[PDB]
Number of protein chains: 2
Amino acid sequence: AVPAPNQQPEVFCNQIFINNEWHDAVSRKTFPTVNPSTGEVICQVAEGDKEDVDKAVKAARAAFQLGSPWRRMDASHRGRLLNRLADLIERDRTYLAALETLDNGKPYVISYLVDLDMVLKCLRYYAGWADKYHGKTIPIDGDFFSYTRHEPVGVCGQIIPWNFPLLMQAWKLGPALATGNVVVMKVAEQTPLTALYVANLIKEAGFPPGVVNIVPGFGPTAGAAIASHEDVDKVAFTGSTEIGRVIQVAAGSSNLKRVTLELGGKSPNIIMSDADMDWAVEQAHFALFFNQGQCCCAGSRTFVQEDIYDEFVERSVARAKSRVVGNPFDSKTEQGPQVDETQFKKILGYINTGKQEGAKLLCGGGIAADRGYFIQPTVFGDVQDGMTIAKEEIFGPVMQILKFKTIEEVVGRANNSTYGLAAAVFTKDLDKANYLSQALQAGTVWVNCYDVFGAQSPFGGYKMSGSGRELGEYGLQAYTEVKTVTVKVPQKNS
Amino acid sequence: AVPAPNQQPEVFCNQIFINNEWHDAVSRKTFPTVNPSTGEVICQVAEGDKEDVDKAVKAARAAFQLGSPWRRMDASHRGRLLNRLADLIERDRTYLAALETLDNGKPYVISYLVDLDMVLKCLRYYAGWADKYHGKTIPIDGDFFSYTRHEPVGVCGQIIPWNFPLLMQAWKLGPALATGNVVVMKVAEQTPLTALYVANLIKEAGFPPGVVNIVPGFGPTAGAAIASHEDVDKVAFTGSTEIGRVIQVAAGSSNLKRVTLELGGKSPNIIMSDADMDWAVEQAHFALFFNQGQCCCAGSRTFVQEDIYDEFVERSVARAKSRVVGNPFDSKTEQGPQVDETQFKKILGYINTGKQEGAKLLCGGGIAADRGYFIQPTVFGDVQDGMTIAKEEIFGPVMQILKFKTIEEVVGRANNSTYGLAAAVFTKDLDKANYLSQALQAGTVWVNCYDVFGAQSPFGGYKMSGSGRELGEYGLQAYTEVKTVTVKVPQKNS
Ligand SMILES: *CCC(=O)c1ccc(CC)cc1
Ligand SMILES: *CCC(=O)c1ccc(CC)cc1
Ligand code: NA
Ligand code: NA
């Protein structure tokens, strides 16, 4: 049961959020956000820049002062706040799911059942951590009492992408606030609107002014300003591997702020010949085509053992052809538009390269409608490791299928990448599953499943897919500064 | 109770250490290392560069291959090897302490009783951690079994300074080898020798070839290669704030290698009027002058409450005036030379800048011997926050004393710094101690003591003093890459 959507949700928040209040840009400039299903403008959004960032940072810094309401708040009370935020998001679930679909493209059924569910679970999970991340008492040599305090790192710049706008917001807010940090957040120009509404809910929830601030805007301006700022203690960036580096340099060239990065992947999904065929085919399809293919951990190299190759391919093409593209508000739609024109054209370029370099186009391969950024579910077979479509992250509904013979071979070919976000193994065999999950150089390895996240389990890259981890207990490490206090005492006993 | 030193220890090791063998610089070039007590050359040392770093990295990478001896070795056996290495270090304690003194300048008694003791304690502490740094089993939603593996980060570049040559090598190797990493280490040009000899003990202990590689050389060459290398997974830099920016830029410019940094400080040592006067005077002395003032966490801003300012200053002058400078091989020597000429002149400069900006010079202030780099114990009085000697890391035997009135005041002034390495508080009052330790923005806060380190207690900077921690459990975090494995299972039960 999905409650019926409002296919035209009214927009309420479209400005910069600072000190629990709404501001136009300093320059008064706006930019359009666009509905990728129709190509038409939804509304204008305040266009933040350096000066707006500086207003947000000073707001946050003030919120972070020794003695402020946020700093003195009981850790248990931060929990309550996060729990109240989640209740509010839940009250407004159908609206936020409709708005996510309107501005992003994804099916409203998915927005509602998946994105919004995972937002709630994320926020409620972290609410639980607020008062449970303990420091240590340490049995140091000599007559001393030594312990650590887990303090907040402070003013946290967070730059989130457009593929999962509300969920990426929650993944960043949950850990930061659970541990008492304050936030200056930069949301994607393609998908600003849902994050702004949540900001209104944050105010309603009762978070003190300045604890969360949001600056919609462009990357070269607003985002770069956050990364370079001399008073930002910590930046967390999610996006392309290419900009990831820009952020890391900016951090090194500014104030040596702490960095974490969740970046691209070219994740291998390995189907052993003993896999369950029906399950493997459907999971491999999910693995690649989920969210219009716009997933950092998309299963974009489907390695299939040669004995089952032909059948797997045949069944995969049939599933891709049956995949319904269209109005993301229609309950029947499995696939909406790509997020924007730039992505749309990038994907068509990658398809052209797939054709040029000699991979076998098995279905799709072109535009799927006359209006909106819709692309046909596309499958390439007989892909080779040296092909462009086997190396570069396409971020679209384009599936690559590669054939392999042995477990030793597929390990080397899977791991032959500068990426290492995720991987999967499909097999009935205990030893093969253990061999592969150990050998694969990836932040997450799924076994007989794909895209299984929990707020409980960490997620993040090996290699150039990023550094550090989000979710679980690990997600708090980057948001904590550790202070050691070591006190002379009269005479230590055990 | 110390064994008599050999005041001219033979040098056995002066080359580049790769795959458990000794190699000349590819370029055949060498460099001098100098005995700072006499200014004379001790011996020549292979001059490593980009090409030798590349060799070390390939060696390390090979030792790290899945299925190799190091990767297959039982966690508990990595522990055995660290313990055996510490045993070898203890066998050769008397020699290593003399060699440290000859190359560094620090008094031999201190080398023996402090440096070598802490080296042994650190390696032995980390040997214990080898089989105890657990991943997690995680109660994720749904019919899944989810768990994390704590895997080694991979090839780790490690760059270490000249102030505590052996100890800094131990603080680096301990956590890295305990967690199954491989190492390419650059030692300081001023103090290459002790670490190269330990390299021999590492071979002797039975570490597989390629697991530790040491390339001596210069910063702009050997150091930068490491920082920039496409196949180094992680770099740890200890040294100056200046080079720390170079490292983080070079990592973002290269392969997005993980980074930790331990940089400079200007640490506040705060004396409340209720302090134990004799104790606080001697501790404030130790806090500044220990190791010829060459400690990243030197108590180089001594704040003293106005009501006791005069006597404390007075009492400090008498202690600074009787601090035996001399041959560091003589058991009475408290202070040896600074480590080299460049440092030697920088410190004299800072002392000029000090007179010339209106601090009161209360004792010493010039050279202390005609031969070598001996400076006189130097105390400035009536120092102010604005002056250069109150802001800039001097790294020599020059003590600043400043005056304050209130606890609220001293907090603001203590914290007004781009640094945040260490701080201390001397007081008899419970509430003052707790108020200050909370309020001070520093990685380590000592109460009624100074420079108290335990292998068990983490250590590292706030703000621009660095990021990441060394020592204790937390010292393992930067050396571990977290893999999540998430397995479909028939039906999860609690
Ligand atoms: C980088 C995060 C990402 O792309 C992603 C992929 C899938 C899901 C749920 C299936 C969440 C986030
Ligand atoms: C940064 C490490 C350092 O300077 C230091 C200072 C003192 C000691 C022992 C008292 C160890 C390391
Ligand atoms: Na949009
Ligand atoms: Na030397």
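Labels below follow one simple rule: chain letters A, B, ... track the order of the sequence lines, proteins then strands, and each chain is numbered from 1. Because only heavy atoms are used, hydrogens play no part in the values below, and waters and symmetry mates are left out as well, while side chains stay in. Counting starts at 1 for both ligands and their atoms, in listed order.
Residue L421(A) places no N or O, backbone or side chain, under 3.5 Å from any N or O of ligand 1.
Closest to atom 3 (C) of ligand 2 by heavy atom, among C296(B), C295(B), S465(B), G461(B), is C296(B). Between atom 6 (C) of ligand 1 and the options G466(A), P161(A), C297(A), the minimum heavy-atom separation is to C297(A).
Contact of the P107(A) side chain with the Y112(A) side chain is not registered, since no non-hydrogen atoms from C-beta on lie closer than 4.5 Å. Between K172(B) and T238(B) there is a side-chain heavy-atom pair separated by less than 4.5 Å. Counting only heavy atoms from C-beta outward, the side chains of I110(A) and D115(A) approach each other to under 4.5 Å.
Look at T191(A) and the Na ion (ligand 3): no N/O/S atom of the residue is under 3.0 Å from the metal.
Side-chain atoms of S146(A) and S457(B) include a donor-acceptor pair closer than 3.5 Å. A donor atom on one side chain and an acceptor atom on the other are found under 3.5 Å apart for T30(A) and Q44(A).
One finds an angle of 100° at the Na ion (ligand 3) between O on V34(A) and OD1 on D103(A), to the nearest 10 degrees.
Checked against the 6.0 Å centroid criterion, the rings of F164(B) and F453(B) do not qualify as a close aromatic pair. In this structure, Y450(B) has its ring center no closer than 6.0 Å to that of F290(B).
Listed by number with element, the atoms of ligand 2 under 4.0 angstrom from any heavy atom of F459(B) are 1 (C). Atoms of ligand 1 lying under 4.0 Å from at least one heavy atom of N163(A), given by number and element, are 4 (O). Residue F453(A) has at least one heavy-atom neighbour below 4.0 Å for each of these atoms of ligand 1: 6 (C), 7 (C), 8 (C), 9 (C), 10 (C), 11 (C). Near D451(B), the atoms of ligand 2 lying under 4.0 angstrom from a non-hydrogen atom of the residue are 10 (C).
Remark: minimum distance from atom 5 (C) of ligand 2 to any protein heavy atom is reached at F164(B) CE1, 3.4 Å. Residue, atom and distance of the protein heavy atom nearest to atom 11 (C) of ligand 2 are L167(B) CD2, 3.7 Å.
Using bins of under 30°, 30° to 60° and over 60° for the plane-to-plane angle, the ring pair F12(A)/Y197(A) lands in the tilted bin.
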